[PDB]
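Heads up, the chain below is alone and in the form deposited in one PDB entry; it's given as structure tokens.
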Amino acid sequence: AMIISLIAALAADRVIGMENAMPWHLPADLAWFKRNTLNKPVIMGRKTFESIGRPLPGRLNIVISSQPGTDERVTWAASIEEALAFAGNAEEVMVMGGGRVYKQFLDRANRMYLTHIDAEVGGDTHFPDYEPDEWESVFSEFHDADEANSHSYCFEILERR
């Protein structure tokens, strides 16, 4: 039963365009989990792939697009169903935007990694509405702005309940 994880950085409910390929700010006490994520396929929309400018190394990159693929290094899919099929028997898949992609995956998703960075400027897309009764905040950690953290943020893991 595949873990299907939405990963997004948010300013209120607006999706933030992150410089890092993976849109999270991971707390120090979860840094270990980063090692676990390295082999997990990533699924993203065409514009998100364009913004990164190359594949995330060492893992399957799946890009959803209605247009012909422009990079042999990644796998091109025309729908979220095809994208999941390409993920095969991966234990977990990371879905990383944009807004439309999150909305389309929401029903099938069963985990979210949300980085709430309120002081930043969100982009022109909103993260989809989700039902609070369906989702449990299982882990939440706030860090204040300081000399090593330019923005205060809260990293949250939600799982379906």
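Residue numbers run from 1 along the displayed sequence. Here the rigid core means the biggest group of C-alpha atoms that line up within 1.5 Å when the two forms are laid on top of each other.
Absent from the display: the form solved in complex with a small molecule. The rest refers to it.
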Checklist entry - Quick one: which of 48-56, 63-71, 104-112, 132-140 gets within 4.5 Å of the small molecule in the deposited complex, going by heavy atoms? => result 48-56
Next on the checklist: Even though the partner isn't displayed, in the deposited complex is residue 96 close enough to the small molecule, meaning a heavy atom within 4.5 Å?
Outcome noted: yes
Next on the checklist: Is residue 8 part of the interface with the small molecule in the deposited complex - any heavy atom within 4.5 Å?
Outcome noted: yes
Checklist entry - Would the C-alpha of residue 149 be classed as shifted by 2 Å or more between this form and the one not shown after rigid-core alignment? => result yes
Checklist entry - Superposing on the rigid core, is the CA of residue 110 displaced by 2 Å or more between this form and the one not shown? => result no
Next on the checklist: Quick check on residue 135: with the core superposed, does its CA move 2 angstroms or more between this form and the one not shown?
Outcome noted: no
